[PDB]
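Q: Structure incoming, see below.
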Amino acid sequence: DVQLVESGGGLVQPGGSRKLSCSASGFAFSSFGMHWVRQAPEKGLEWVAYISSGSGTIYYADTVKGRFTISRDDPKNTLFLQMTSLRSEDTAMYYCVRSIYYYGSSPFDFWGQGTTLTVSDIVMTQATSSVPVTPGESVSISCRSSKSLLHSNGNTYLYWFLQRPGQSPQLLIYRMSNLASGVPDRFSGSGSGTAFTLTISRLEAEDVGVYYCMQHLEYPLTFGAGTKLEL
Amino acid sequence: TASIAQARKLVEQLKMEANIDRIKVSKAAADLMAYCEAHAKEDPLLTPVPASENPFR
Amino acid sequence: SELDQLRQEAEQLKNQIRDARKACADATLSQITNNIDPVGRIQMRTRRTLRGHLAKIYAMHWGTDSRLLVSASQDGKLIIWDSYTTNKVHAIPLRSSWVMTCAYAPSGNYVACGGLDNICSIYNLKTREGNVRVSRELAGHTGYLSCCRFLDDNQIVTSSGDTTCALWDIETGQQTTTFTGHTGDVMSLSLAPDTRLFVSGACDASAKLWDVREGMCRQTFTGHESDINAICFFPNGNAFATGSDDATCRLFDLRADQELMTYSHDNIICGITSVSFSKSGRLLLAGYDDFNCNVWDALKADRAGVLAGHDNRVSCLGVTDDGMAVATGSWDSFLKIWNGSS
Amino acid sequence: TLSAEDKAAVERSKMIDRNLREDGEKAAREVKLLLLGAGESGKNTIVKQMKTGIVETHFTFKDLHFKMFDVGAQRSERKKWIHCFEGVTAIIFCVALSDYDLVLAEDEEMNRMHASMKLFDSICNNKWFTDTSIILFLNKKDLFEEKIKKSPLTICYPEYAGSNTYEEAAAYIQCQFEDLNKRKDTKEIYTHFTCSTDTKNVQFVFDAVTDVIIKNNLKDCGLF
Amino acid sequence: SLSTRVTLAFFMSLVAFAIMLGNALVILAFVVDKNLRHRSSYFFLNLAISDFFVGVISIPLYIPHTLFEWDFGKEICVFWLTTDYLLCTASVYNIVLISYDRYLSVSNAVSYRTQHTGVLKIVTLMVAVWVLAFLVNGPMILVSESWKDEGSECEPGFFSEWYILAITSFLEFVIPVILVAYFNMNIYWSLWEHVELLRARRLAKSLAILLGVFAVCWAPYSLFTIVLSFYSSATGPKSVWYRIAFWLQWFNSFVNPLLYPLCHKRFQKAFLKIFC
Ligand SMILES: CC(C)CCC[C@@H](C)[C@H]1CC[C@H]2[C@@H]3CC=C4C[C@@H](O)CC[C@]4(C)[C@H]3CC[C@]12C
Ligand SMILES: CC(C)CCC[C@@H](C)[C@H]1CC[C@H]2[C@@H]3CC=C4C[C@@H](O)CC[C@]4(C)[C@H]3CC[C@]12C
Ligand SMILES: CC(C)CCC[C@@H](C)[C@H]1CC[C@H]2[C@@H]3CC=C4C[C@@H](O)CC[C@]4(C)[C@H]3CC[C@]12C
Ligand SMILES: CC(C)CCC[C@@H](C)[C@H]1CC[C@H]2[C@@H]3CC=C4C[C@@H](O)CC[C@]4(C)[C@H]3CC[C@]12C
Ligand SMILES: CC(C)CCC[C@@H](C)[C@H]1CC[C@H]2[C@@H]3CC=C4C[C@@H](O)CC[C@]4(C)[C@H]3CC[C@]12C
Ligand SMILES: CC(C)CCC[C@@H](C)[C@H]1CC[C@H]2[C@@H]3CC=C4C[C@@H](O)CC[C@]4(C)[C@H]3CC[C@]12C
Ligand SMILES: CC(C)CCC[C@@H](C)[C@H]1CC[C@H]2[C@@H]3CC=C4C[C@@H](O)CC[C@]4(C)[C@H]3CC[C@]12C
Ligand SMILES: NCCc1c[nH]cn1
């Protein structure tokens with residue numbers, strides 16, 4: 001099965017250096033672009049870096065550029081993140097995310113379990129922090145963007161993720177309308193321009209969690225604050 | 001007895017083909033002409049679309 | 001005695017069918033469509049050139065989204081193209097490089113190919129591993145695989161050079177139905193829009209109409225003087241067109257059970273490799289050995305235009321489901337996308 | 001002008017193009033040989049020395065990678081797929097010398113040796129193989145010598161005025177096949193006498209292929 | 001007379017235009033056709049580049065200076081002398097490289113076929129041709145430029161010393177002639193009855209034309225200047241026959257695209273594809 005295992009995280013001193021590894025098994029690692037995404041404790045998701053398939057293109061977030069280096073070892077199927085001058089702002093759970101890019105592909109479809117590190121721009125808005133829900137009832141979640149996510153090629157690069165308590169994020173909706181593989185049809189993504197809605201018909205116990213809307217129109221990839229569903 | 005076995009099968013097949021209902025060629029020609037006429041406007045190759053509607057500009 | 005008597009009855013039956021067709025040949029399609037205005041001159045430009053195959057291209061097939069297409073070349077490469085951007089979506093290395101046919105499943109999840117290896121290979125395009133893998137190899141033909149077409153994700157029809165066509169259950173890997181009756185190599189097949197019938201053209205210069213579920217030949221169409229290489233159903237499913245090595249294309253009618261029109265020119269002396277219809281069926285596009293693609297008026301048998309953009313044989317062509325463009329594959333290793341402008 | 005995913009899709013396409021170029025360069029270096037010959041002509045024995053559709057044999061000899069294609073299992077129409085092998089480096093044709101006095105099993109009235117002549121003439125003069133050299137293996141030489149003493153060439157060749165010696169009988173058969181070459185300037189025929197105990201058959205192919213490669217380079221530059 | 005000068009200027013321009021047009025097609029064929037990435041194709045491109053600028057830079061600057069008495073500036077004359085010698089010498093060294101490539105393709109056909117020559121190694125060979133071409137005449141033109149007196153003709157300053165001409169002629173003409181003759185002779189021997197005898201006769205004619213045209217176009221001027229410099233006649237009025245030998249050197253750039261690239265099978269297909 002597809003696996004992404006992170007290692008190397010742990011408590012480090014300020015100004016130190018740490019090397020994170022992501023070992024991939026069960027899929028063609030060299031064919032996938034790879035992202036590092038971090039999540040501060042009791043906070044939302046924040047994109048860190050991207051390395052493309054073939055290592056030709058590398059992107060960094062501004063808050064880590066110059067201090068972090070992302071690399072891959074295709075024969076060993078290992079993704080690396082070399083960090084230097086670590087600050088207290090870097091304390092987060094770092095996730096290894098695979099993403100393949102071709103016409104009709106589903107980027108960000110698989111995430112790793114993540115490794116925790118503790119140290120001693122399009123604006124995506126999810127104003128509703130929490131939503132009280134009951135099983136079997138329809139729920140709608142709203143997302144907003146400062147810029148229009150609809151590109152001139154017809155794609156609207158908006159993504160929806162679900163992070164159940166204790167679990168890594170999972171892709172629900174990619175490019176604002178498409179349903180990810182393995183996701184029940186009750187989830188539906190609707191949007192236009194800068195306003196997007198995720199509709200969850202016949203809510204169930206498993207659907208409880210935090211929902212993130214992400215834009216993939218341009219780098220840096222930015223996440224919304226997140227909307228939490230509670231019973 | 002290979003030839004005689006093949007002969008029976010070939011004869012039996014020709015019986016099935018000879019028992020079909022055939023419409024007139026004029027009737028068949030009119031149907032082909034009608035389908036082309038009805039769908040003429042939605043044929044981009046027959047009537048090229050404006051450049052705004054052409055994915056292959 | 002018995003053999004001589006039986007073969008005499010076959011001749012009597014052939015005369016009975018020929019008389020029956022002549023009885024319903026009251027008029028000609030040419031006479032019927034004389035009044036209608038011509039399509040004019042059809043001018044198409046090369047919008048895209050797909051480069052990357054390094055050998056003769058032998059087959060292409062559009063996906064149903066009218067944007068993705070798969071092409072096969074004898075460099076041992078199956079390529080799936082994004083026709084809008086000319087991006088290569090996939091490159092599938094073939095175990096046997098002698099590929100002669102390829103098919104894109106209507107669902108878009110599978111492609112199929114096969115050639116002189118006598119195998120129809122099914123490739124899964126949507127895997128969790130992120131690569132295209134062989135999902136099935138359909139063995140059972142004793143000759144080369146000449147054409148294949150998906151009915152759905154689980155069924156495919158193949159025509160072979162062993163004079164037979166087969167219907168396959170992809171999940172079990174077995175051919176559920178075998179279609180026999182051609183005395184030569186079956187070179188092509190076309191599915192009817194409802195996928196209940198399919199026509200096949202063989203090297204016995206005849207086209208047979210087969211029932212998929214019942215598994216027998218309903219009608220036999222003759223009139224060509226040489227091997228049939230290409231065949232294509234009319235968009236409403238009530239007719240089909242063939243292309244032969246005798247430099248002619250013929251339009252046969254299913255219900256009238258006979259030829260309706262011949263598409264040939266005195267300058268044309270080369271064989272025909274591929275045939276297709278426009279979305280409304282008014283245009284018949286044919287690929288030729290003389291490096292050209294001739295656009296015909298289907299109703300009036302007039303050469304409407306010429307697609308001249310290849311330096312070797314036009315081996316294959318296909319029209320998108322939305323009718324927006326036509327793709328041409330060639331022995332010069334290039335694919336070209338054509339459509340007109342207002 | 002391109003979105004983030006559009007640029008990534010273009011980059012993926014670039015990687016595919018790089019891999020296609022490498023595979024094409026590797027393929028062009030290999031030597032492709034079309035293995036032809038009638039049944040019971042010693043063709044199978046040749047494959048073993050070289051170490052249900054088309055059979056491909058891969059072997060390396062003196063830093064040259066050979067790809068030999070066997071198409072004898074195919075019983076379909078030859079003209080529908082013979083053009084697929086247009087562009088092979090050379091064609092290897094196997095003829096059994098011991099079959100001069102034999103009669104074709106299926107026809108029962110056609111000489112077996114004469115059956116190979118019409119097969120050789122069709123392949124040699126084929127439009128798809130105008131510039132393709134032919135390597136001709138005359139097998140069963142040890143058995144051919146034995147049959148010559150019992151059965152002379154007069155049965156196979158009624159208009160033969162030569163003697164019945166081993167050297168003269170074999171040489172006449174070789175000239176009969178080479179005379180079928182209607183294009184003696186565009187292509188060349190390399191004839192070798194093989195046997196089940198011979199071990200120089202691979203060397204002959206290497207020498208013939210090396211000679212073909214040199215002439216191909218000279219013709220490409222326009223010197224010829 | 002003015003009438004003859006105008007007619008001569010048109011003929012010089014026609015030669016210059018033919019050199020540009022003849023060699024631009026070779027460049028165009030390389031760019032358009034991606035089936036032209038063999039070792040020979042890059043060498044043809046390098047040969048066409050050096051010859052192309054002969055009609056773009058060398059000849060059009062020469063037309064007014066010679067016929068219409070346009071005074072070359074001290075800056076322009078040194079530029080024109082250095083760039084013209086570089087282009088002419090690079091064309092000769094490209095012929096050596098092309099002949100050497102053909103020699104290897106037949107001397108060791110197996111190793112030539114199975115070798116993988118990347119762009120980096122091929123670019124090194126193309127660059128080394130230009131670098132070596134400059135070193136033969138480039139630095140010596142600059143160093144010897146100060147030797148000339150004011151008002152002298154726009155010719156390299158080392159024409160006064162005959163032994164310097166002998167060294168440059170040996171490096172740019174005599175050594176290339178020997179190597180091309182050696183390589184083409186070994187190409188003739190790579191073949192080892194009427195058809196075979198006829199084929200060898202046709203091959204011998206082709207190799208003789210390649211060596212003959214290069215020798216005829218380069219021997220006169222290379223030997224004319226050495227003898228004149230030996231008799232201290234390198235500077236002064238120039239006879240008609242001296243100027244004829246000067247223009248034979250430039251005519252090699254016109255016939256080079258016709259001999260090597262135009263006679264190659266792969267480049268012929270690219271030309272047909274472009275025109276059709
Ligand atoms: C293409 C060929 C056949 C015709 C054009 C050749 C021209 C460009 C070359 C060939 C011989 C050259 C001539 C050689 C000799 C002289 C005599 C001199 O006192 C004036 C220059 C002049 C007249 C040259 C002018 C240019 C010239 C005529
Ligand atoms: C005038 C002397 C110094 C020679 C310098 C000429 C240079 C500047 C110009 C003239 C010819 C040009 C080349 C013509 C052909 C090609 C092949 C193409 O696929 C890439 C560009 C490339 C490689 C060009 C690069 C730049 C180039 C080499
Ligand atoms: C671009 C191709 C045609 C090559 C161009 C070279 C020729 C056509 C150009 C380059 C130098 C130019 C000459 C430069 C100087 C003069 C002297 C002037 O009093 C009349 C025009 C005249 C005579 C020009 C005529 C055209 C010319 C000879
Ligand atoms: C790319 C190609 C077109 C470049 C061609 C360069 C030629 C046409 C240009 C470049 C330098 C130009 C010369 C520059 C100076 C002079 C001096 C003037 O008193 C007569 C014209 C004359 C002689 C020009 C003639 C045309 C010329 C030689
Ligand atoms: C630029 C392309 C077209 C040609 C390449 C020219 C190269 C070889 C360089 C190398 C040395 C350079 C020369 C160095 C010195 C001088 C003397 C100065 O008073 C005029 C420029 C001039 C004459 C330069 C011209 C350009 C030059 C000759
Ligand atoms: C010593 C000085 C004067 C030499 C100047 C000429 C050099 C710099 C120029 C002239 C021609 C140019 C070459 C022309 C064509 C090619 C092929 C291309 O695919 C790579 C670059 C390459 C190989 C260029 C390299 C640089 C080059 C060799
Ligand atoms: C500046 C001085 C040293 C230059 C001397 C001129 C002669 C000796 C040089 C200049 C050009 C050189 C050739 C250029 C390219 C090649 C291809 C290489 O694979 C073998 C050497 C070979 C064949 C060189 C042989 C020696 C050579 C002909
Ligand atoms: N060798 C460059 C000088 C020259 C002579 N002829 C033409 N140009």
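If you're wondering about the labels, chains in the structure tokens are A, B, ... by order shown, residues count from 1 in each chain, ligands from 1 in order shown.
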Just want the 9 Å neighbourhood of residue 32 in chain B, counted on only C-alpha atoms, with same-chain residues fewer than 2 positions away dropped. Output as a count of residues only.
A: 15
Q: Which neighbours of residue 200 in chain E fall inside 12 Å, counting only C-alpha atoms, when residues of the same chain fewer than 2 positions from it are skipped, and could you give them as a PyMOL selection string?
A: (chain D and resi 185+215+218+223-224) or (chain E and resi 187-198+202-207)
Q: As a quick test: using only C-alpha atoms and all ligand atoms, which residues lie no more than 8 Å away from ligand 8? Give them as a list in words.
A: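 Selection of residues at most 8 Å from ligand 8: residues 58, 81, 84, 85, 86, 87, 88, 89, 221, 222, 245, 246, 247, 248, 249 and 250 of chain E.
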Q: For the selection you just gave me, I'd like the residues written to a file as a short mmCIF file (atom, residue, chain, number, x, y, z; two decimals), in the first residue's frame, keeping N, CA, C and O atoms.
A:
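Here's the written file part12.cif:
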```
data_model
loop_
_atom_site.label_atom_id
_atom_site.label_comp_id
_atom_site.auth_asym_id
_atom_site.auth_seq_id
_atom_site.Cartn_x
_atom_site.Cartn_y
_atom_site.Cartn_z
N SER E 58 32.56 39.29 -43.90
CA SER E 58 33.83 39.40 -44.62
C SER E 58 33.66 40.09 -45.97
O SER E 58 34.38 41.04 -46.29
N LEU E 81 40.13 42.00 -40.57
CA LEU E 81 41.20 41.04 -40.81
C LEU E 81 41.09 39.86 -39.85
O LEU E 81 41.22 38.70 -40.27
N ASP E 84 37.84 37.68 -40.54
CA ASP E 84 37.87 36.97 -41.81
C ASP E 84 38.82 35.78 -41.75
O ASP E 84 38.51 34.70 -42.27
N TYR E 85 39.98 35.96 -41.13
CA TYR E 85 40.91 34.84 -40.98
C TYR E 85 40.34 33.77 -40.06
O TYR E 85 40.57 32.58 -40.28
N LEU E 86 39.62 34.18 -39.02
CA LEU E 86 38.99 33.21 -38.13
C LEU E 86 37.93 32.39 -38.87
O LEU E 86 37.87 31.16 -38.71
N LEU E 87 37.10 33.04 -39.67
CA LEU E 87 36.04 32.33 -40.39
C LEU E 87 36.62 31.38 -41.43
O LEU E 87 36.16 30.24 -41.56
N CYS E 88 37.62 31.84 -42.19
CA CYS E 88 38.20 30.99 -43.22
C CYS E 88 38.93 29.80 -42.62
O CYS E 88 38.80 28.67 -43.11
N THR E 89 39.70 30.02 -41.55
CA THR E 89 40.43 28.93 -40.92
C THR E 89 39.48 27.96 -40.22
O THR E 89 39.75 26.75 -40.20
N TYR E 221 46.21 31.15 -53.08
CA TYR E 221 46.48 32.31 -52.23
C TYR E 221 47.49 31.98 -51.14
O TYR E 221 48.33 32.81 -50.79
N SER E 222 47.41 30.77 -50.58
CA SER E 222 48.35 30.38 -49.54
C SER E 222 49.78 30.34 -50.07
O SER E 222 50.72 30.74 -49.37
N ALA E 245 43.24 34.68 -56.82
CA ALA E 245 43.55 33.73 -55.76
C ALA E 245 42.91 34.14 -54.44
O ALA E 245 42.57 33.28 -53.62
N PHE E 246 42.77 35.45 -54.21
CA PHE E 246 42.12 35.92 -52.99
C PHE E 246 40.65 35.52 -52.96
O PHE E 246 40.13 35.14 -51.90
N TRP E 247 39.96 35.60 -54.10
CA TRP E 247 38.55 35.25 -54.15
C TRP E 247 38.30 33.75 -54.23
O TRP E 247 37.19 33.31 -53.92
N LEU E 248 39.30 32.96 -54.62
CA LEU E 248 39.14 31.51 -54.58
C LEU E 248 38.99 31.02 -53.15
O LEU E 248 38.25 30.06 -52.89
N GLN E 249 39.68 31.66 -52.21
CA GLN E 249 39.58 31.28 -50.81
C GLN E 249 38.16 31.46 -50.29
O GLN E 249 37.65 30.62 -49.54
N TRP E 250 37.51 32.55 -50.69
CA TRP E 250 36.14 32.80 -50.25
C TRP E 250 35.14 31.88 -50.94
O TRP E 250 34.09 31.58 -50.37
#
```
Q: Fewer than 3 positions away in the same chain doesn't count, so skip those; otherwise give me all residues within 9 Å of range 253-255 of chain E, counting only C-alpha atoms, as a list in words.
A: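 Here the answer would be residues 15, 16, 18, 19, 20, 22, 23, 47, 48, 50, 51, 52, 54, 55, 88, 91, 213, 249, 250, 258, 259 and 260 of chain E.
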Q: Suppose you want the space between CA of residue 304 in chain C and CA of residue 41 in chain C; what is it in Å?
A: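 So the two atoms, CA of residue 304 in chain C and CA of residue 41 in chain C, lie 5.3 Å apart.
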Q: Give me, as a PyMOL selection string, the contact residues of chain D against chain A at a cut-off of 6 Å, counting only C-alpha atoms.
A: chain D and resi 3-4+8-9
Q: List as a PDB file with N, CA, C and O atoms, in the first residue's frame the protein and nucleic acid residues lying within 9 Å of ligand 5, with only C-alpha atoms and all ligand atoms counted.
A:
```
ATOM      1  N   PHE E  53      28.937  33.559 -42.055  1.00  0.00           N
ATOM      2  CA  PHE E  53      29.392  34.904 -41.736  1.00  0.00           C
ATOM      3  C   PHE E  53      30.444  35.427 -42.702  1.00  0.00           C
ATOM      4  O   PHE E  53      30.790  36.609 -42.630  1.00  0.00           O
ATOM      5  N   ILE E  57      29.773  39.264 -43.080  1.00  0.00           N
ATOM      6  CA  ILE E  57      30.755  40.186 -42.524  1.00  0.00           C
ATOM      7  C   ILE E  57      31.935  40.386 -43.467  1.00  0.00           C
ATOM      8  O   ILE E  57      32.285  41.518 -43.808  1.00  0.00           O
ATOM      9  N   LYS E  74      41.159  52.411 -38.700  1.00  0.00           N
ATOM     10  CA  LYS E  74      42.129  51.575 -38.002  1.00  0.00           C
ATOM     11  C   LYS E  74      41.437  50.551 -37.115  1.00  0.00           C
ATOM     12  O   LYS E  74      41.963  49.453 -36.904  1.00  0.00           O
ATOM     13  N   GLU E  75      40.260  50.892 -36.585  1.00  0.00           N
ATOM     14  CA  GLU E  75      39.507  49.938 -35.778  1.00  0.00           C
ATOM     15  C   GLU E  75      38.848  48.874 -36.646  1.00  0.00           C
ATOM     16  O   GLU E  75      38.846  47.689 -36.290  1.00  0.00           O
ATOM     17  N   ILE E  76      38.279  49.275 -37.785  1.00  0.00           N
ATOM     18  CA  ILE E  76      37.533  48.336 -38.618  1.00  0.00           C
ATOM     19  C   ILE E  76      38.470  47.348 -39.302  1.00  0.00           C
ATOM     20  O   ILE E  76      38.172  46.150 -39.384  1.00  0.00           O
ATOM     21  N   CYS E  77      39.610  47.826 -39.805  1.00  0.00           N
ATOM     22  CA  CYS E  77      40.504  46.954 -40.562  1.00  0.00           C
ATOM     23  C   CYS E  77      41.035  45.815 -39.702  1.00  0.00           C
ATOM     24  O   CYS E  77      41.116  44.670 -40.159  1.00  0.00           O
ATOM     25  N   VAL E  78      41.404  46.106 -38.454  1.00  0.00           N
ATOM     26  CA  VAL E  78      41.870  45.048 -37.564  1.00  0.00           C
ATOM     27  C   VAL E  78      40.737  44.083 -37.246  1.00  0.00           C
ATOM     28  O   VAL E  78      40.949  42.871 -37.134  1.00  0.00           O
ATOM     29  N   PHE E  79      39.519  44.603 -37.084  1.00  0.00           N
ATOM     30  CA  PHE E  79      38.369  43.735 -36.860  1.00  0.00           C
ATOM     31  C   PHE E  79      38.102  42.858 -38.075  1.00  0.00           C
ATOM     32  O   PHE E  79      37.909  41.644 -37.949  1.00  0.00           O
ATOM     33  N   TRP E  80      38.094  43.459 -39.266  1.00  0.00           N
ATOM     34  CA  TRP E  80      37.792  42.705 -40.478  1.00  0.00           C
ATOM     35  C   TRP E  80      38.858  41.657 -40.764  1.00  0.00           C
ATOM     36  O   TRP E  80      38.536  40.535 -41.167  1.00  0.00           O
ATOM     37  N   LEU E  81      40.132  42.004 -40.575  1.00  0.00           N
ATOM     38  CA  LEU E  81      41.199  41.036 -40.806  1.00  0.00           C
ATOM     39  C   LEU E  81      41.091  39.856 -39.853  1.00  0.00           C
ATOM     40  O   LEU E  81      41.219  38.699 -40.268  1.00  0.00           O
ATOM     41  N   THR E  82      40.851  40.127 -38.570  1.00  0.00           N
ATOM     42  CA  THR E  82      40.825  39.055 -37.582  1.00  0.00           C
ATOM     43  C   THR E  82      39.608  38.159 -37.767  1.00  0.00           C
ATOM     44  O   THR E  82      39.714  36.933 -37.655  1.00  0.00           O
ATOM     45  N   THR E  83      38.443  38.746 -38.044  1.00  0.00           N
ATOM     46  CA  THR E  83      37.241  37.933 -38.178  1.00  0.00           C
ATOM     47  C   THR E  83      37.243  37.141 -39.480  1.00  0.00           C
ATOM     48  O   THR E  83      36.718  36.025 -39.520  1.00  0.00           O
ATOM     49  N   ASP E  84      37.841  37.684 -40.542  1.00  0.00           N
ATOM     50  CA  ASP E  84      37.868  36.967 -41.812  1.00  0.00           C
ATOM     51  C   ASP E  84      38.819  35.780 -41.754  1.00  0.00           C
ATOM     52  O   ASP E  84      38.509  34.704 -42.275  1.00  0.00           O
ATOM     53  N   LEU E  86      39.618  34.179 -39.022  1.00  0.00           N
ATOM     54  CA  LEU E  86      38.988  33.206 -38.135  1.00  0.00           C
ATOM     55  C   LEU E  86      37.935  32.388 -38.868  1.00  0.00           C
ATOM     56  O   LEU E  86      37.870  31.164 -38.709  1.00  0.00           O
ATOM     57  N   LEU E  87      37.098  33.044 -39.673  1.00  0.00           N
ATOM     58  CA  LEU E  87      36.044  32.329 -40.387  1.00  0.00           C
ATOM     59  C   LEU E  87      36.619  31.382 -41.431  1.00  0.00           C
ATOM     60  O   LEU E  87      36.159  30.244 -41.561  1.00  0.00           O
ATOM     61  N   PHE E 134      41.322  30.526 -34.299  1.00  0.00           N
ATOM     62  CA  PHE E 134      41.772  31.848 -33.877  1.00  0.00           C
ATOM     63  C   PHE E 134      43.267  31.860 -33.583  1.00  0.00           C
ATOM     64  O   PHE E 134      43.974  32.784 -33.993  1.00  0.00           O
ATOM     65  N   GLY E 138      44.867  34.685 -35.297  1.00  0.00           N
ATOM     66  CA  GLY E 138      44.306  35.759 -34.507  1.00  0.00           C
ATOM     67  C   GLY E 138      45.339  36.585 -33.769  1.00  0.00           C
ATOM     68  O   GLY E 138      45.503  37.781 -34.028  1.00  0.00           O
ATOM     69  N   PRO E 139      46.042  35.970 -32.813  1.00  0.00           N
ATOM     70  CA  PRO E 139      47.056  36.725 -32.062  1.00  0.00           C
ATOM     71  C   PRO E 139      48.141  37.320 -32.938  1.00  0.00           C
ATOM     72  O   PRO E 139      48.634  38.413 -32.637  1.00  0.00           O
ATOM     73  N   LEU E 142      47.024  40.644 -34.488  1.00  0.00           N
ATOM     74  CA  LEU E 142      47.029  41.727 -33.511  1.00  0.00           C
ATOM     75  C   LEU E 142      48.447  42.167 -33.169  1.00  0.00           C
ATOM     76  O   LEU E 142      48.732  43.368 -33.106  1.00  0.00           O
TER      77      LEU E 142
END
```
